[PDB]
Amino acid sequence: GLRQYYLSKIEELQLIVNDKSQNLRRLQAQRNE
Amino acid sequence: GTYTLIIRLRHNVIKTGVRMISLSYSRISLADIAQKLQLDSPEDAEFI
Amino acid sequence: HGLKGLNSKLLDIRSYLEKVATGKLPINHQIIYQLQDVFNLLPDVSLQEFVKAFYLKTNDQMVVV
Amino acid sequence: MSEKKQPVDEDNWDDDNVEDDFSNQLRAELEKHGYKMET
Amino acid sequence: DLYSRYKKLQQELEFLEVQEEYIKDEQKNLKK
Amino acid sequence: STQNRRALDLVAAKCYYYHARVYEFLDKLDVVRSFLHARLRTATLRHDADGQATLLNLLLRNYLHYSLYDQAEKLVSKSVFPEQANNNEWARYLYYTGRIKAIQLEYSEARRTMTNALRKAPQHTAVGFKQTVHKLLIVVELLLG
Amino acid sequence: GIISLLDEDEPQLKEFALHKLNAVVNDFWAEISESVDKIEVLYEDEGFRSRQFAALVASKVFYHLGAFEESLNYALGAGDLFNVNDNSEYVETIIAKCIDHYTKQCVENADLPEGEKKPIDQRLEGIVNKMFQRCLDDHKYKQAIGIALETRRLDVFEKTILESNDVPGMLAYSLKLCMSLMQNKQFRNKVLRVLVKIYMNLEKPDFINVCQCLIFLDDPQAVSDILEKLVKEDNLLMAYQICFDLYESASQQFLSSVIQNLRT
Amino acid sequence: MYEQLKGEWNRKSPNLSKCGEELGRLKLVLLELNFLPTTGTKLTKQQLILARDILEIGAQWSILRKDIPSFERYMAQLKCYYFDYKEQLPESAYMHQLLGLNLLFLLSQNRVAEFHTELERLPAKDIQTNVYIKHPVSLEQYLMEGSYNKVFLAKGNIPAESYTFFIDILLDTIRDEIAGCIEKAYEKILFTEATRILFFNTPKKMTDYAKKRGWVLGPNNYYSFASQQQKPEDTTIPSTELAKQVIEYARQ
């Protein structure tokens, strides 16, 4: 069962890669000025 | 749809009552307090 | 750093007291009264009166804060 | 958003300020003056 | 398409994490 | 990763307001309860945003609407943490959780979350439940202190 | 309604509560959130005809409880009833977490391959190879080599490129990924050696990437052997590109250490 | 099948072996017929009501032999049958009395939150009627008032079999509440007020006095020792973080 195990990891990773990246953007934005 | 509250607040009412007695009266008798407490149990006003 | 310095001084003087009380040091009279002269101060912080000293001020600083 | 069940349509310590609760409330002390003049 | 995408996602995840840990200490140094 | 799930979950919530209106136009909705239980189970595992809060709000409303145990069942329901509910579902969730805290003699831990729920979404004028929450609000305050 | 039918000590009703225990976990999962006593006592109960059978209900109730490990242990202990229940929407995440725990354990055992390795539950690895048997020849066997990498195993690693999916260039992008995402050399050379072995095993002898991985494997005696084989073939047209591959990539010390073997 | 339902259940109940026999006989009742969802099977709730009655009388025999770990079984199975997932027929004649017993059970073991969480089952069936609940509402919301003696004359009339098995725990609770209420600072009540006015027409109260607390007797007085805490002005350990309530919350 490849979809029921291995595919879910994608979403289980992807959300963090969204939100945390936004944080880093803010942080480097906070540095820039 | 909140039948319970009245049953569980009447104590709170007497709570306020005795709190008023804790502020107003200094030396009130055990049997001479309940006249302004209207529950009419001087036999139980001692441990009220 | 004040607490560290106080700890250092107290450790040195307990060392001195050890080597005079049980050790090869003279019991010469210079500090043997000055020590309890220091120990005579030791203010009784916890009494009935110091409550009104502490609490009456601390809440004022808290009000300002 | 609607979850409608509402029927069409200070004020915390001040209601019992003048309703009847003093000897001068509406009548001007006359409720006691029948038995106040004996002193 | 399959498999390798997950690995490259996770790769850029620790890469991004390196930048995140960096941004704090460089901010602390640049302020003073 | 198309995340249409949560938008369709809000669609489901909006039509399930009216479907719960249907379910009070008829008898209990235990089949719907099982369905939303399955929807919660497939939530929180793959996606969890704004659908879970709505479906648990429906769960609380159905459970309080019937006089059963219904409450400490929720107290052990440890899905207590849905995220930002765009200032709309969160307030009604706080209202339900404060009532279901008050139902077992809450001791002023519930009055603060009642006040928070009241002040958190007051923008609507006569929203539909504002009178009920305001009526229940100071019951506990006149009760306790 | 909340039901404490399991108060009695009668074993007949302990086994007869199976239907009840299965039926209640469909909508009332939060109802049963305190059965640490009854479930564990029943599982440790000796005279027990629902042994290896009632543990599935324990996994079901612990799944709602957030006990993703207790669910895993009872899923292992739920035997054939859990095995045949491999086609359901709920069991997907259960076996997914099972595989995740298994591959974390595999990384742990790969940390030290001798001593203090936890004995893998036979039903656990049975679940692992069974869900692999669900991922048999149905085309698109890239995950078949993938989970083979993360499980650190080699026989399944060989069988996946050996199974009847196809061998057009599977063995090429296998190399591309293995030196694309290599965590360390200690696993990279391990998979590289079985890769180069099966490269030699192919009917056409391997020519280019065998040498490319070989100098990434630091094996001058092997390249001396295969150039001797090409000498037995009595032409250099294979070794043509091999000499320039060594010039392009092989270290000078590697050449200086293989040259005396070349003339021996 | 449909045997000896009231075989020995009315005249008395000393046939404990028959109690065990009926409990073993119950296997044809519960697990030999649809009982968990009770969605179909229209013609079982009559004998399910009979099963309710068998459980009620069995647990009542168990409380006749005074067994609480079967009075949990009293309020375990039978509740969601008259109040089943499928409401089919009128419940019984006994049901409100049974709920009065269960309410008094929740009352008698100081579970006031668990007292409140099932008085709402009826909208208006016993909030104005049903003396089987009119006693428990006073029995609960009398312990919140500082009257503590008209409960026993209200115990003088009992709408059920005894209501005494809980009244023993009521006696217990009166004992330790009058203890814990007098044990603070007080000024030496005489023997008779602590002796007869509460309970125990001087059987053993002169001994119960030493049994509970002590407070050794002098010239016919029961003095309370002072026990006022000095308010020790240390406040360093519990209020050093309170003293630090700037730095370790405001980062500066």
# chains A, B, ... in the order shown; residues from 1 in each chain; ligands from 1
>>> residues_around(residues="residue 53 in chain H", least_positions_apart="6", cutoff="9 Å", atoms="only C-alpha atoms", output="MDAnalysis selection string")
chainID H and resid 5 78 94
>>> interface_residues(of="chain A", to="chain F", cutoff="10 Å", atoms="only C-alpha atoms", output="ChimeraX atom specification")
/A:8-12,14-15
>>> residues_around(residues="residue 30 in chain G", least_positions_apart="6", cutoff="9 Å", atoms="only C-alpha atoms", output="list in words")
residues 73, 74, 76, 77 and 78 of chain F; 61, 64 and 65 of chain G
>>> write_last_selection(atoms="N, CA, C and O atoms", output="PDB file, in the first residue's frame")
ATOM      1  N   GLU F  73     -18.395  13.087  28.236  1.00  0.00           N
ATOM      2  CA  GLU F  73     -17.972  12.513  26.971  1.00  0.00           C
ATOM      3  C   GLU F  73     -17.208  13.541  26.146  1.00  0.00           C
ATOM      4  O   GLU F  73     -16.194  13.216  25.518  1.00  0.00           O
ATOM      5  N   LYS F  74     -17.669  14.790  26.146  1.00  0.00           N
ATOM      6  CA  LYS F  74     -16.905  15.836  25.485  1.00  0.00           C
ATOM      7  C   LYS F  74     -15.698  16.265  26.300  1.00  0.00           C
ATOM      8  O   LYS F  74     -14.683  16.659  25.712  1.00  0.00           O
ATOM      9  N   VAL F  76     -13.659  14.516  27.915  1.00  0.00           N
ATOM     10  CA  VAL F  76     -12.553  13.638  27.546  1.00  0.00           C
ATOM     11  C   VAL F  76     -12.333  13.632  26.041  1.00  0.00           C
ATOM     12  O   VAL F  76     -11.356  13.040  25.563  1.00  0.00           O
ATOM     13  N   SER F  77     -13.197  14.297  25.271  1.00  0.00           N
ATOM     14  CA  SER F  77     -12.963  14.417  23.838  1.00  0.00           C
ATOM     15  C   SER F  77     -11.806  15.377  23.620  1.00  0.00           C
ATOM     16  O   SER F  77     -12.001  16.595  23.584  1.00  0.00           O
ATOM     17  N   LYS F  78     -10.597  14.837  23.482  1.00  0.00           N
ATOM     18  CA  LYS F  78      -9.407  15.673  23.467  1.00  0.00           C
ATOM     19  C   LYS F  78      -9.062  16.142  22.063  1.00  0.00           C
ATOM     20  O   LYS F  78      -7.916  16.030  21.621  1.00  0.00           O
TER      21      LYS F  78
ATOM     22  N   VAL G  61      -9.721   1.511  19.895  1.00  0.00           N
ATOM     23  CA  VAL G  61     -10.026   2.483  20.938  1.00  0.00           C
ATOM     24  C   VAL G  61      -8.806   3.347  21.239  1.00  0.00           C
ATOM     25  O   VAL G  61      -8.933   4.544  21.521  1.00  0.00           O
ATOM     26  N   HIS G  64      -8.324   6.474  18.697  1.00  0.00           N
ATOM     27  CA  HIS G  64      -8.960   7.727  19.084  1.00  0.00           C
ATOM     28  C   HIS G  64      -8.239   8.371  20.255  1.00  0.00           C
ATOM     29  O   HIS G  64      -8.167   9.601  20.341  1.00  0.00           O
ATOM     30  N   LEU G  65      -7.696   7.555  21.154  1.00  0.00           N
ATOM     31  CA  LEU G  65      -7.081   8.040  22.378  1.00  0.00           C
ATOM     32  C   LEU G  65      -5.778   8.788  22.129  1.00  0.00           C
ATOM     33  O   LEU G  65      -5.286   9.454  23.044  1.00  0.00           O
TER      34      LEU G  65
END
>>> closest_atom_pairs(of="chain F", to="chain B", cutoff="10 Å", atoms="only C-alpha atoms", output="tab-separated table")
residue	atom	partner	partner_atom	distance
F:65	CA	B:1	CA	9.5
F:102	CA	B:5	CA	9.7
F:103	CA	B:4	CA	8.6
F:105	CA	B:8	CA	8.6
F:136	CA	B:2	CA	8.8
F:139	CA	B:5	CA	7.8
F:140	CA	B:5	CA	8.9
F:142	CA	B:12	CA	8.3
F:143	CA	B:9	CA	5.8
F:144	CA	B:12	CA	7.0
F:145	CA	B:12	CA	9.0
>>> closest_atom_pairs(of="chain F", to="chain H", cutoff="9 Å", atoms="only C-alpha atoms", output="CSV")
residue,atom,partner,partner_atom,distance
F:66,CA,H:121,CA,8.4
F:67,CA,H:121,CA,4.9
F:68,CA,H:121,CA,6.8
F:69,CA,H:117,CA,7.1
F:71,CA,H:117,CA,8.5
F:103,CA,H:117,CA,7.0
F:104,CA,H:113,CA,4.4
F:105,CA,H:113,CA,5.9
F:106,CA,H:113,CA,9.0
>>> atom_distance(atom1="CA of residue 172 in chain G", atom2="CA of residue 134 in chain G")
25.2 Å
>>> residues_around(residues="range 84-93 of chain G", least_positions_apart="3", cutoff="8 Å", atoms="only C-alpha atoms", output="number ranges by chain")
A: 4-5; G: 80-81, 96-97
>>> write_last_selection(atoms="N, CA, C and O atoms", output="PDB file, in the first residue's frame")
ATOM      1  N   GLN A   4      -1.531   4.764   0.667  1.00  0.00           N
ATOM      2  CA  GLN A   4      -2.044   4.859   2.024  1.00  0.00           C
ATOM      3  C   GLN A   4      -0.949   5.077   3.058  1.00  0.00           C
ATOM      4  O   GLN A   4      -1.260   5.461   4.190  1.00  0.00           O
ATOM      5  N   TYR A   5       0.313   4.843   2.704  1.00  0.00           N
ATOM      6  CA  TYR A   5       1.423   5.126   3.605  1.00  0.00           C
ATOM      7  C   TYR A   5       2.301   6.246   3.071  1.00  0.00           C
ATOM      8  O   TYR A   5       2.521   7.239   3.770  1.00  0.00           O
TER       9      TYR A   5
ATOM     10  N   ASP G  80      -4.366 -12.640  12.936  1.00  0.00           N
ATOM     11  CA  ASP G  80      -4.981 -12.826  11.624  1.00  0.00           C
ATOM     12  C   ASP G  80      -6.134 -11.861  11.401  1.00  0.00           C
ATOM     13  O   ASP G  80      -6.405 -11.467  10.261  1.00  0.00           O
ATOM     14  N   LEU G  81      -6.838 -11.488  12.471  1.00  0.00           N
ATOM     15  CA  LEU G  81      -7.949 -10.555  12.325  1.00  0.00           C
ATOM     16  C   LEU G  81      -7.455  -9.188  11.875  1.00  0.00           C
ATOM     17  O   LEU G  81      -8.116  -8.511  11.082  1.00  0.00           O
ATOM     18  N   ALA G  96       0.235   2.723   8.244  1.00  0.00           N
ATOM     19  CA  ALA G  96       1.214   3.727   7.842  1.00  0.00           C
ATOM     20  C   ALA G  96       2.114   4.104   9.009  1.00  0.00           C
ATOM     21  O   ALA G  96       3.342   4.173   8.867  1.00  0.00           O
ATOM     22  N   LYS G  97       1.518   4.334  10.180  1.00  0.00           N
ATOM     23  CA  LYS G  97       2.312   4.571  11.378  1.00  0.00           C
ATOM     24  C   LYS G  97       3.120   3.341  11.754  1.00  0.00           C
ATOM     25  O   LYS G  97       4.222   3.466  12.300  1.00  0.00           O
TER      26      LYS G  97
END
>>> residues_around(residues="residue 21 in chain B", least_positions_apart="4", cutoff="12 Å", atoms="only C-alpha atoms", output="ChimeraX atom specification")
/B:14-17,25-30,32-34,36-37
>>> write_last_selection(atoms="N, CA and C atoms", output="mmCIF file, in the first residue's frame")
data_model
loop_
_atom_site.group_PDB
_atom_site.id
_atom_site.type_symbol
_atom_site.label_atom_id
_atom_site.label_comp_id
_atom_site.auth_asym_id
_atom_site.auth_seq_id
_atom_site.Cartn_x
_atom_site.Cartn_y
_atom_site.Cartn_z
ATOM 1 N N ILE B 14 -28.203 33.092 50.242
ATOM 2 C CA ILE B 14 -28.020 33.174 51.686
ATOM 3 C C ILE B 14 -26.572 33.525 51.978
ATOM 4 N N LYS B 15 -25.669 33.155 51.057
ATOM 5 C CA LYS B 15 -24.274 33.566 51.112
ATOM 6 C C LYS B 15 -24.175 35.077 51.210
ATOM 7 N N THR B 16 -24.836 35.768 50.274
ATOM 8 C CA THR B 16 -24.825 37.225 50.278
ATOM 9 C C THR B 16 -25.397 37.752 51.575
ATOM 10 N N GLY B 17 -26.461 37.103 52.058
ATOM 11 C CA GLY B 17 -27.132 37.513 53.266
ATOM 12 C C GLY B 17 -26.169 37.490 54.423
ATOM 13 N N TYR B 25 -23.780 43.935 61.037
ATOM 14 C CA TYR B 25 -23.987 43.674 62.452
ATOM 15 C C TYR B 25 -22.666 43.361 63.139
ATOM 16 N N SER B 26 -22.552 43.777 64.401
ATOM 17 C CA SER B 26 -21.404 43.422 65.225
ATOM 18 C C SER B 26 -21.722 42.288 66.189
ATOM 19 N N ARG B 27 -22.732 42.466 67.034
ATOM 20 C CA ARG B 27 -23.103 41.462 68.029
ATOM 21 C C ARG B 27 -24.616 41.207 67.962
ATOM 22 N N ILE B 28 -24.994 40.307 67.068
ATOM 23 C CA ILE B 28 -26.387 39.938 66.863
ATOM 24 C C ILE B 28 -26.600 38.538 67.417
ATOM 25 N N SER B 29 -27.739 38.332 68.069
ATOM 26 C CA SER B 29 -28.012 37.052 68.692
ATOM 27 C C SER B 29 -28.278 35.978 67.645
ATOM 28 N N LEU B 30 -28.084 34.728 68.070
ATOM 29 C CA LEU B 30 -28.322 33.583 67.201
ATOM 30 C C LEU B 30 -29.786 33.489 66.801
ATOM 31 N N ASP B 32 -31.889 36.155 67.151
ATOM 32 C CA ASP B 32 -32.344 37.475 66.746
ATOM 33 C C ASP B 32 -31.815 37.892 65.385
ATOM 34 N N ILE B 33 -31.101 37.017 64.690
ATOM 35 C CA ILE B 33 -30.634 37.355 63.352
ATOM 36 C C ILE B 33 -31.630 36.912 62.286
ATOM 37 N N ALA B 34 -32.263 35.749 62.466
ATOM 38 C CA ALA B 34 -33.036 35.105 61.411
ATOM 39 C C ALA B 34 -34.316 35.844 61.054
ATOM 40 N N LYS B 36 -34.475 38.803 59.970
ATOM 41 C CA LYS B 36 -34.125 39.363 58.670
ATOM 42 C C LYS B 36 -33.448 38.333 57.792
ATOM 43 N N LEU B 37 -33.775 37.060 58.003
ATOM 44 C CA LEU B 37 -33.335 35.989 57.124
ATOM 45 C C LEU B 37 -34.468 35.100 56.658
#
>>> atom_distance(atom1="CA of residue 34 in chain H", atom2="CA of residue 84 in chain H")
12.6 Å
>>> residues_around(residues="residue 185 in chain H", least_positions_apart="6", cutoff="12 Å", atoms="only C-alpha atoms", output="VMD selection string")
chain H and resid 222 to 229
>>> write_last_selection(atoms="N, CA and C atoms", output="PDB file, in the first residue's frame")
ATOM      1  N   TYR H 222     -16.013  22.418  76.169  1.00  0.00           N
ATOM      2  CA  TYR H 222     -15.449  21.696  75.032  1.00  0.00           C
ATOM      3  C   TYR H 222     -14.612  22.635  74.184  1.00  0.00           C
ATOM      4  N   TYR H 223     -13.669  23.311  74.845  1.00  0.00           N
ATOM      5  CA  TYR H 223     -12.953  24.449  74.278  1.00  0.00           C
ATOM      6  C   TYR H 223     -12.215  24.101  72.992  1.00  0.00           C
ATOM      7  N   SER H 224     -12.147  25.081  72.101  1.00  0.00           N
ATOM      8  CA  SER H 224     -11.372  24.981  70.879  1.00  0.00           C
ATOM      9  C   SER H 224     -10.075  25.748  71.064  1.00  0.00           C
ATOM     10  N   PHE H 225      -8.964  25.116  70.717  1.00  0.00           N
ATOM     11  CA  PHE H 225      -7.688  25.803  70.778  1.00  0.00           C
ATOM     12  C   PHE H 225      -7.594  26.854  69.674  1.00  0.00           C
ATOM     13  N   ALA H 226      -6.619  27.753  69.837  1.00  0.00           N
ATOM     14  CA  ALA H 226      -6.590  29.009  69.092  1.00  0.00           C
ATOM     15  C   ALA H 226      -6.434  28.780  67.590  1.00  0.00           C
ATOM     16  N   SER H 227      -5.276  28.254  67.178  1.00  0.00           N
ATOM     17  CA  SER H 227      -4.979  27.857  65.796  1.00  0.00           C
ATOM     18  C   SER H 227      -5.165  29.002  64.796  1.00  0.00           C
ATOM     19  N   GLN H 228      -4.504  30.122  65.067  1.00  0.00           N
ATOM     20  CA  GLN H 228      -4.419  31.212  64.102  1.00  0.00           C
ATOM     21  C   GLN H 228      -2.990  31.301  63.589  1.00  0.00           C
ATOM     22  N   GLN H 229      -2.841  31.196  62.275  1.00  0.00           N
ATOM     23  CA  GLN H 229      -1.535  31.280  61.644  1.00  0.00           C
ATOM     24  C   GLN H 229      -1.006  32.711  61.684  1.00  0.00           C
TER      25      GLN H 229
END
>>> residues_around(residues="residue 37 in chain F", least_positions_apart="5", cutoff="12 Å", atoms="only C-alpha atoms", output="CSV table (one decimal) with C-alpha atoms, in the first residue's frame")
chain,number,residue,atom,x,y,z
F,30,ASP,CA,-27.2,9.6,15.0
F,31,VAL,CA,-26.2,8.5,11.4
F,32,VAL,CA,-25.0,12.1,10.9
F,42,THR,CA,-10.2,11.6,8.4
F,43,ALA,CA,-9.5,15.1,9.7
F,44,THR,CA,-6.6,15.9,12.1
F,52,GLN,CA,-13.0,20.2,12.6
F,55,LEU,CA,-18.2,19.7,12.9
F,56,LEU,CA,-17.4,19.5,16.6
F,58,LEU,CA,-22.4,20.6,15.4
F,59,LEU,CA,-21.5,17.7,17.7
F,77,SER,CA,-13.0,14.4,23.8
F,79,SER,CA,-9.8,17.5,20.2
G,25,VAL,CA,-16.2,1.8,18.3
G,26,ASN,CA,-18.0,3.3,15.3
G,27,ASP,CA,-19.4,6.6,16.7
G,28,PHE,CA,-18.7,6.5,20.5
G,29,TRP,CA,-14.9,6.5,20.3
G,30,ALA,CA,-14.7,9.3,22.9
G,64,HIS,CA,-9.0,7.7,19.1
G,90,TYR,CA,-9.2,3.5,9.1
>>> closest_atom_pairs(of="chain H", to="chain G", cutoff="10 Å", atoms="only C-alpha atoms", output="JSON lines")
{"residue": "H:27", "atom": "CA", "partner": "G:13", "partner_atom": "CA", "distance": 9.0}
{"residue": "H:31", "atom": "CA", "partner": "G:16", "partner_atom": "CA", "distance": 7.5}
{"residue": "H:35", "atom": "CA", "partner": "G:20", "partner_atom": "CA", "distance": 9.6}
{"residue": "H:36", "atom": "CA", "partner": "G:20", "partner_atom": "CA", "distance": 7.0}
{"residue": "H:37", "atom": "CA", "partner": "G:23", "partner_atom": "CA", "distance": 8.7}
{"residue": "H:69", "atom": "CA", "partner": "G:7", "partner_atom": "CA", "distance": 9.3}
{"residue": "H:70", "atom": "CA", "partner": "G:7", "partner_atom": "CA", "distance": 9.3}
{"residue": "H:72", "atom": "CA", "partner": "G:4", "partner_atom": "CA", "distance": 9.2}
{"residue": "H:73", "atom": "CA", "partner": "G:4", "partner_atom": "CA", "distance": 8.0}
{"residue": "H:75", "atom": "CA", "partner": "G:3", "partner_atom": "CA", "distance": 9.7}
{"residue": "H:76", "atom": "CA", "partner": "G:3", "partner_atom": "CA", "distance": 6.2}
{"residue": "H:77", "atom": "CA", "partner": "G:3", "partner_atom": "CA", "distance": 6.5}
{"residue": "H:78", "atom": "CA", "partner": "G:3", "partner_atom": "CA", "distance": 9.8}
{"residue": "H:79", "atom": "CA", "partner": "G:1", "partner_atom": "CA", "distance": 7.9}
{"residue": "H:80", "atom": "CA", "partner": "G:1", "partner_atom": "CA", "distance": 5.8}
{"residue": "H:81", "atom": "CA", "partner": "G:1", "partner_atom": "CA", "distance": 9.3}
{"residue": "H:83", "atom": "CA", "partner": "G:1", "partner_atom": "CA", "distance": 8.8}
{"residue": "H:84", "atom": "CA", "partner": "G:1", "partner_atom": "CA", "distance": 7.8}
{"residue": "H:85", "atom": "CA", "partner": "G:1", "partner_atom": "CA", "distance": 7.8}
>>> write_last_selection(atoms="N, CA and C atoms", output="short mmCIF file (atom, residue, chain, number, x, y, z; two decimals), in the first residue's frame")
data_model
loop_
_atom_site.label_atom_id
_atom_site.label_comp_id
_atom_site.auth_asym_id
_atom_site.auth_seq_id
_atom_site.Cartn_x
_atom_site.Cartn_y
_atom_site.Cartn_z
N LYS H 27 -28.57 -15.12 30.69
CA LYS H 27 -27.78 -15.25 29.47
C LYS H 27 -28.65 -15.35 28.23
N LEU H 31 -27.51 -11.52 25.71
CA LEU H 31 -26.68 -11.83 24.55
C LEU H 31 -27.32 -12.83 23.61
N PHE H 35 -29.73 -6.24 21.63
CA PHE H 35 -29.84 -5.38 22.80
C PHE H 35 -28.96 -4.15 22.74
N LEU H 36 -27.89 -4.17 21.92
CA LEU H 36 -26.98 -3.03 21.92
C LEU H 36 -27.53 -1.84 21.14
N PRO H 37 -27.82 -1.93 19.80
CA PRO H 37 -28.37 -0.73 19.15
C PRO H 37 -29.86 -0.58 19.42
N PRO H 69 -20.88 -2.42 44.94
CA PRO H 69 -20.35 -2.82 43.63
C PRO H 69 -21.29 -3.63 42.75
N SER H 70 -22.52 -3.85 43.20
CA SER H 70 -23.61 -4.23 42.31
C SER H 70 -24.62 -3.11 42.15
N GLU H 72 -23.57 -0.29 41.35
CA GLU H 72 -23.08 0.26 40.10
C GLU H 72 -23.72 -0.45 38.91
N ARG H 73 -23.93 -1.77 39.01
CA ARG H 73 -24.62 -2.52 37.96
C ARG H 73 -26.08 -2.13 37.88
N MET H 75 -27.07 0.96 38.07
CA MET H 75 -27.07 2.14 37.21
C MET H 75 -26.10 1.96 36.05
N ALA H 76 -25.97 0.74 35.55
CA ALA H 76 -25.10 0.48 34.42
C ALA H 76 -25.87 0.06 33.18
N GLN H 77 -26.70 -0.96 33.29
CA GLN H 77 -27.32 -1.57 32.12
C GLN H 77 -28.71 -1.03 31.86
N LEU H 78 -29.53 -0.94 32.91
CA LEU H 78 -30.96 -0.71 32.76
C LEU H 78 -31.30 0.70 32.31
N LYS H 79 -30.38 1.66 32.49
CA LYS H 79 -30.72 3.07 32.26
C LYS H 79 -31.06 3.33 30.80
N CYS H 80 -30.24 2.85 29.88
CA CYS H 80 -30.50 3.07 28.47
C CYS H 80 -31.32 1.94 27.86
N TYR H 81 -32.39 1.55 28.55
CA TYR H 81 -33.41 0.68 27.98
C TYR H 81 -34.79 1.31 28.03
N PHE H 83 -34.72 4.41 28.61
CA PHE H 83 -34.21 5.59 27.94
C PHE H 83 -33.23 5.13 26.85
N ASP H 84 -33.70 4.15 26.07
CA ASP H 84 -32.92 3.52 25.02
C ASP H 84 -32.66 4.49 23.87
N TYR H 85 -31.80 4.05 22.95
CA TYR H 85 -31.57 4.80 21.72
C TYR H 85 -32.83 4.87 20.87
#
>>> interface_residues(of="chain G", to="chain E", cutoff="10 Å", atoms="only C-alpha atoms", output="ChimeraX atom specification")
/G:140-147,177,180-181
>>> select_by_dssp(residues="chain B", states="helix (DSSP H, G or I)", output="list in words")
residues 4, 5, 6, 7, 10, 11, 12, 13, 14, 15, 16, 17, 18, 19, 20, 21, 22, 23, 34, 35, 36, 42, 43, 44 and 45 of chain B
>>> write_last_selection(atoms="C-alpha atoms", output="PDB file, in the first residue's frame")
ATOM      1  CA  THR B   4     -30.630  23.658  37.383  1.00  0.00           C
ATOM      2  CA  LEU B   5     -29.344  27.143  38.152  1.00  0.00           C
ATOM      3  CA  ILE B   6     -32.063  28.252  40.573  1.00  0.00           C
ATOM      4  CA  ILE B   7     -31.553  25.164  42.760  1.00  0.00           C
ATOM      5  CA  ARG B  10     -30.344  29.860  46.590  1.00  0.00           C
ATOM      6  CA  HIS B  11     -27.370  28.986  48.811  1.00  0.00           C
ATOM      7  CA  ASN B  12     -25.486  31.769  47.058  1.00  0.00           C
ATOM      8  CA  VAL B  13     -28.357  34.073  48.018  1.00  0.00           C
ATOM      9  CA  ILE B  14     -28.020  33.174  51.686  1.00  0.00           C
ATOM     10  CA  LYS B  15     -24.274  33.566  51.112  1.00  0.00           C
ATOM     11  CA  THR B  16     -24.825  37.225  50.278  1.00  0.00           C
ATOM     12  CA  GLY B  17     -27.132  37.513  53.266  1.00  0.00           C
ATOM     13  CA  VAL B  18     -24.599  36.305  55.761  1.00  0.00           C
ATOM     14  CA  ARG B  19     -21.926  38.406  54.079  1.00  0.00           C
ATOM     15  CA  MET B  20     -24.077  41.460  54.726  1.00  0.00           C
ATOM     16  CA  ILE B  21     -24.319  40.351  58.349  1.00  0.00           C
ATOM     17  CA  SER B  22     -20.542  39.988  58.330  1.00  0.00           C
ATOM     18  CA  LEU B  23     -20.281  43.674  57.465  1.00  0.00           C
ATOM     19  CA  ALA B  34     -33.036  35.105  61.411  1.00  0.00           C
ATOM     20  CA  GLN B  35     -35.899  37.627  61.549  1.00  0.00           C
ATOM     21  CA  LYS B  36     -34.125  39.363  58.670  1.00  0.00           C
ATOM     22  CA  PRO B  42     -33.712  29.731  64.769  1.00  0.00           C
ATOM     23  CA  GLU B  43     -33.252  26.081  65.726  1.00  0.00           C
ATOM     24  CA  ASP B  44     -30.845  25.944  62.765  1.00  0.00           C
ATOM     25  CA  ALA B  45     -29.757  29.590  62.669  1.00  0.00           C
TER      26      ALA B  45
END
>>> atom_distance(atom1="CA of residue 82 in chain F", atom2="CA of residue 50 in chain F")
7.3 Å
>>> closest_residue(among="H:219, H:238, H:146, H:203", to="chain B", atoms="only C-alpha atoms")
H:146
>>> interface_residues(of="chain C", to="chain H", cutoff="8 Å", atoms="only C-alpha atoms", output="MDAnalysis selection string")
chainID C and resid 46:47 50:51
>>> write_last_selection(atoms="N, CA and C atoms", output="mmCIF file, in the first residue's frame")
data_model
loop_
_atom_site.group_PDB
_atom_site.id
_atom_site.type_symbol
_atom_site.label_atom_id
_atom_site.label_comp_id
_atom_site.auth_asym_id
_atom_site.auth_seq_id
_atom_site.Cartn_x
_atom_site.Cartn_y
_atom_site.Cartn_z
ATOM 1 N N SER C 46 11.942 38.664 60.197
ATOM 2 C CA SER C 46 10.594 38.139 60.368
ATOM 3 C C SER C 46 10.136 38.434 61.789
ATOM 4 N N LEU C 47 9.448 39.557 61.969
ATOM 5 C CA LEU C 47 8.734 39.815 63.211
ATOM 6 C C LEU C 47 7.371 40.393 62.855
ATOM 7 N N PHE C 50 7.657 44.135 60.774
ATOM 8 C CA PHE C 50 8.293 44.351 59.484
ATOM 9 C C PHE C 50 7.323 44.088 58.335
ATOM 10 N N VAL C 51 6.181 43.463 58.640
ATOM 11 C CA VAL C 51 5.091 43.292 57.680
ATOM 12 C C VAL C 51 4.645 44.639 57.141
#
